[PDB]
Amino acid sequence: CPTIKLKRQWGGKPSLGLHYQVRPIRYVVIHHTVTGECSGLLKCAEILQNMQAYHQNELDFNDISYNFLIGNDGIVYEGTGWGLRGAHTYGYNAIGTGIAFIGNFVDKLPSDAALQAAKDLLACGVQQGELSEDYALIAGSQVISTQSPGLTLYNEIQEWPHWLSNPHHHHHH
């Protein structure tokens, strides 16, 4: 179980409105942030503070969109957090946990530390009853119109246990 850096520990603000999920969650959606690459809490904190400000005050979300974010040093940062509905993936916010790797992974992979931290986070979520034992792992790009989490990273997660090749998606309208 990785030690999660909670909102207070990175200087983050409260959610503007909490919406609870039904546990255990059966879907994990992997994303990248594109902007914000950073190593360690000292550097990452300001980046996360301003990402939160952009999401809350410009995109009109209740909090940073992702449930968790993972930096280059392998630190797991609480975004929206376990069991709360985020805003990372239409159709998969109420029923999924969204995890973003901080950085742009179209052409490279996250660090070994970051990848191992994600694996540790998933296994811990199952152990704690946050995720179902048979959860489905998907990339954002499989269900909404996005390049996230980047082709190189998408190719990596396809080799992980739990990867689901054919997830459903609904029409917005």
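The numbering used is simple: start at 1 and walk along the sequence shown.
- Stretches compared: 50-58, 105-113. Higher mean C-alpha B-factor in the entry: 105-113.
- When the C-alpha B-factors of 39-47 and 65-73 are averaged, 39-47 comes out higher.
- In this PDB entry, residue 118 carries a Cα temperature factor that places it within the middle third of its chain's modelled residues.
- In the deposited entry, the Cα temperature factor of residue 30 sits in the bottom third of values across the chain's modelled residues.
- For residue 139, the recorded CA temperature factor ranks within the lowest third of the chain's modelled residues.
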